[PDB]
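In: piece number one of the complex, untouched:
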Amino acid sequence: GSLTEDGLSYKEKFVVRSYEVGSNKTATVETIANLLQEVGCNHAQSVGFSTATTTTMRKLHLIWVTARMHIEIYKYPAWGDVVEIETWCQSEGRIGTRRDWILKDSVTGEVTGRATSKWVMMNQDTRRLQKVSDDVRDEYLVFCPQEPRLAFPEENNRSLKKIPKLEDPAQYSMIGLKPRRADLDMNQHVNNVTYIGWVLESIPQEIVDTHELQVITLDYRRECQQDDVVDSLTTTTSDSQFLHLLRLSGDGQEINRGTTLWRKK
């Protein structure tokens, strides 16, 4: 992978692996999400971040954390195919930061998917959210395009829709979900992609066998700790559309909420 000519975006190619595909021999949405993280990390490294935070951030013990992830897939790449992913970041003033991605088939050059994520500042120790200070923005603004560059430009698009809270009883559920060590990242936190998998676990297998996932919007409200247990809840709201809710098994504390849109095969 490499920074583009202007140094304001990063591109990387990936060959889809045998264990990365589902029953139709195409990449799962979790494989796509993992690739989005990898190209994101390679972009941060290429622009000088140490092995993820600016100078003012490390001084105040602040980190970027995902508040929302939105992914739209038109075609899932096949096992052995080469997918090219371009990524960039944009300041959203004092609110936070946005990271966007564009996925293309390397052989045809056609856009096969797009993603957008909203990040907010948080104290690493207290978990308290904060606005982006003047000093932090000045430090990372030089690595972003300064005029708008949106993966989802269209007005009233799906990435900005407000998601409601699922009401009990849920139509479908998968309970007792727990992370194993492979679900943890280098910092021993549950990987953001694991939550996508947990959301999808409550979708009936018949829907998965007869439909393709076209869109997924996921809000991240609270982290699942390594010793926590999660219940995944889903209700059809409709193409098939679903409303999702992940909550802690015991006290019912919300950790995520989301929506999925599926197209008939």
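Out: Structure received. Residues are numbered from 1 along each chain as shown, chains lettered A, B, ... in the order given.
In: For the rest of this, base every contact and every neighbour count on C-alpha atoms.
Out: Fine.
In: Near the nearest residue to residue A:31 once chain neighbours are set aside, how many other residues are there?
Out: Ranked by CA to CA, 6 or more residues apart in numbering and with sequence neighbours excluded, the top spatial neighbour of residue A:31 is residue A:20, at 5.8 Å. By other CA atoms under 10 Å, 17 other residues sit near residue A:20.
In: Quick check: beta-bridge partners of the residue positioned nearest the centre of chain A?
Out: Nearest residue to the geometric centre of chain A (CA atoms, centre = their mean): residue A:69, 3.9 Å. Listed by DSSP bridges, the beta-bridge partners for residue A:69 are residue A:117, residue A:218.
In: List the contacts of it.
Out: By CA atoms under 8 Å, 6 or more residues apart in numbering, the contact set of residue A:69 is A:115, A:116, A:117, A:118, A:217, A:218, A:219.
In: can you pick the most crowded of those residues?
Out: residue A:217 (26 neighbours).
In: so that one makes contact with residue A:71?
Out: Yes. In this structure, residue A:217 is within contact of residue A:71 by CA atoms under 8 Å, at 6.6 Å.
In: okay, stretch A:137-152 in PDB with CA atoms only?
Out: What follows is stretch A:137-152, C-alpha atoms only, in PDB (Å, rounded to 0.1, in the frame of the first residue of the first chain):
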ATOM      1  CA  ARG A 137      -7.200  19.500  15.100                       C
ATOM      2  CA  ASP A 138      -4.200  21.600  14.100                       C
ATOM      3  CA  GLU A 139      -2.000  18.600  14.500                       C
ATOM      4  CA  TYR A 140      -4.000  16.200  12.200                       C
ATOM      5  CA  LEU A 141      -5.600  18.700   9.700                       C
ATOM      6  CA  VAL A 142      -2.400  18.600   7.600                       C
ATOM      7  CA  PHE A 143      -3.100  14.900   6.900                       C
ATOM      8  CA  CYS A 144      -6.700  15.500   5.600                       C
ATOM      9  CA  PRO A 145      -8.200  17.000   2.400                       C
ATOM     10  CA  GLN A 146      -9.500  20.400   3.600                       C
ATOM     11  CA  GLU A 147     -12.400  20.800   1.100                       C
ATOM     12  CA  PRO A 148     -15.300  18.200   1.500                       C
ATOM     13  CA  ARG A 149     -14.600  14.600   0.200                       C
ATOM     14  CA  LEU A 150     -17.500  12.300   1.200                       C
ATOM     15  CA  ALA A 151     -17.800   8.500   0.400                       C
ATOM     16  CA  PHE A 152     -21.700   9.200   0.900                       C
END
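In: then add chain B to what we have above:
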Amino acid sequence: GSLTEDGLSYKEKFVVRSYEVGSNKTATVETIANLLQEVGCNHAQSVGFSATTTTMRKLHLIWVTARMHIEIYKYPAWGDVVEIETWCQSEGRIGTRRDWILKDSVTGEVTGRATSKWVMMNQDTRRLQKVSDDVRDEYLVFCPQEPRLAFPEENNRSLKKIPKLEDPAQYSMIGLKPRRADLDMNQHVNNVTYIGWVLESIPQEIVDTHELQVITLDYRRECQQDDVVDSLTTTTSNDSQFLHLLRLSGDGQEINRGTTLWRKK
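Out: To build on what is shown above, here is chain B added in:
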């Protein structure tokens, strides 16, 4: 990746990814195992497999793993390039063996080795059988015909008999269930998921203070998508050795047994 000059082995390079590493910023043993599967599949594809021979497809037979043995000297770091060489050998009418050698691409030093024993099985009835002479003649032309062992040594760990753990186990992790990401393209639980489940019952303190040097795992029976597993471990031993057992949560049917060897950091 590519076949070597003689066409009797295959090599491929992999760059270690951000989400593939643990707390020490080095590849987990499950990431290594996944890479072993990928290079294995790329080798089968390079030698003409659509992976079953003509006689195998007619008799509805497949290769299935009976045992996996991995030894790691150094886990590659995040961003490092690891080169893996793989080959197969006929083991007469008993079955087949696939071996691997892992090297640091920059230094050329051997950083790990692996060996696996495969047996023929009817895809539908799950009944094991010997390798017929017709099947052997079909794949022998893709193997070195003189011995080529990743584990040559006389009384090496790869061929040790593993006993059955007796209740009560010293440590346990109960209620483990596969999610969709744990399944392969054929909707079977991926062989690497069982390695993760075995390791779940090792206490976190051992993981934090030791590095896994050796893992031997026997595959006795499959965990179905709707099954629940219990992972059991007892210390048998500066090095720490453990005895492992995976069994179905309800009836206690054995699915795997194994051993691990850990060295102090």
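In: once more on the neighbour count of residue A:20, with chain B this time?
Out: A total of 24 residues lie near residue A:20 under the criterion other CA atoms under 10 Å in any protein chain shown.
In: Residue A:91 versus that one, what's the distance?
Out: 33 Å (CA to CA, to the nearest Å).
In: And for residue A:122?
Out: 16 Å.
In: again, but for residue A:97
Out: On the measure of CA to CA, residue A:97 and residue A:91 end up 5 Å apart.
In: What is the burial count for the residue in the stretch 101-250 of chain A that chain B sits nearest to?
Out: Nearest residue of the stretch 101-250 of chain A to chain B: residue A:186, at 4.4 Å (CA to the nearest CA). By the criterion of other CA under 10 Å, residue A:186 has 18 neighbours.
In: Report the secondary structure state of it.
Out: coil (DSSP: H, G, I helix; E, B strand; the rest coil).
In: what does residue A:44 give?
Out: For residue A:44, the assignment made with three-state DSSP gives helix.
In: Just give me the neighbour total for residue A:70.
Out: Residues near residue A:70, counting by other CA under 10 Å: 22.
In: Who's the closest spatial neighbour of it, skipping the chain neighbours?
Out: Nearest residue to residue A:70, sequence neighbours excluded (CA to CA, 6 or more residues apart in numbering or on different chains): residue A:217, at 4.4 Å.
In: Please name the residues that touch that neighbour.
Out: Each residue near residue A:217 by CA atoms under 8 Å, 6 or more residues apart in numbering or on different chains is listed here: A:68, A:69, A:70, A:71, A:158, A:159, A:258, A:259, A:260.
In: same question, residue A:101
Out: A:36, A:85, A:86, A:87, A:88, A:114, A:115, A:116, A:151.
In: so which of the residues you listed comes closest to residue A:190?
Out: Ranked by distance to residue A:190 (CA to CA), these are led by residue A:36 at 16.5 Å.
In: Checking my notes, the closest one in a helix, right?
Out: Yes. According to three-state DSSP, residue A:36 belongs to a helix.
In: Against residue B:19, how distant is it?
Out: Distance, residue A:36 to residue B:19, using CA to CA: 11 Å.
In: and the stretch 151-265 of chain A, which residues reach chain B?
Out: Taking CA under 8 Å from any CA of the partner chain as the contact definition, the stretch 151-265 of chain A meets chain B at A:177-178, A:180-182, A:184-188, A:191, A:197-198, A:201.
In: Now which of these would you call buried?
Out: A:177, A:178, A:181, A:182, A:184, A:185, A:186, A:191, A:197, A:198, A:201 (16 or more other CA atoms under 10 Å in any protein chain shown).
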